[PDB]
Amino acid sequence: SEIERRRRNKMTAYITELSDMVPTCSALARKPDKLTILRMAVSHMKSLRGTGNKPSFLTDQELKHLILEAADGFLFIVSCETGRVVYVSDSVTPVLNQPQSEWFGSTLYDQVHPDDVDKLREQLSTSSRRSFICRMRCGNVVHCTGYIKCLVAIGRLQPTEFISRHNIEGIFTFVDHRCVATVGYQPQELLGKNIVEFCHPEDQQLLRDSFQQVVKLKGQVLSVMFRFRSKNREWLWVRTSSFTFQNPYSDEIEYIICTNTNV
């Protein structure tokens, strides 16, 4: 015993991964043993972490990249007494289309109206995290979370879109559960039904034509806008984007995949 092979194997599997990730180690003709793989891992790791000092998995800019890949927003900093527009991120411009210099020493009201801005007036006072939803913005959604230490908060974007898959006729074969919040139905109420059954009469030809065109696009995406009948019986404007693909497993004919967004 010799009872714990699972830890002995795990080590070996990790050693193999080090061999793949160490640039010169994979390129060797002679398959290196465990010790020489580890030694090459040491050198490469020493090189990556650099000549000191304080240890961090990601550098600040790398962490930033990951957050902004996942989320879509910008950092903004203000005070209670004064405005005071202290600092704004360079990724403010892609989030809401308004340039960098407009925030530096400018009025806080300019991008938040109309017209209150009365909620924020007492949110500034200490009474301590203070998360809230705010009015931004129509030129030409910002759910901003932060904490006081003078506020430091991100300005970021619940589901407004859902995926579905369809056979060639337009029948729902898969429905993403985000459909509940977006159009009111459970997946089970859409499965088996044709999408055209939820399409407003005046949009039906357009929708049928779109599905004929997406087949001819052979994997390229087409968007169309139409009125979708939600569970509460209201007609909701929706933009669908769609493309086909040859599904392996069934060899089955072109498979339509759709994303459905309420504008």
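Residues carry their position along the shown sequence, with the first being 1.
Counting the deposited residues that fall between residue 157 and residue 158 and carry no coordinates gives a value of 10 or more. Per the record, residue 127 and residue 128 are separated by 4 to 9 deposited residues that are missing from the model. Relative to one another, 93-101 and 186-194 have unequal mean CA B-factors, and 93-101 is the one with the higher figure.
For the pair 254-262 and 3-11, the record assigns the higher mean C-alpha temperature factor to 3-11. Among 171, 71, 133, 179, the highest C-alpha B-factor recorded in the PDB entry belongs to 133.
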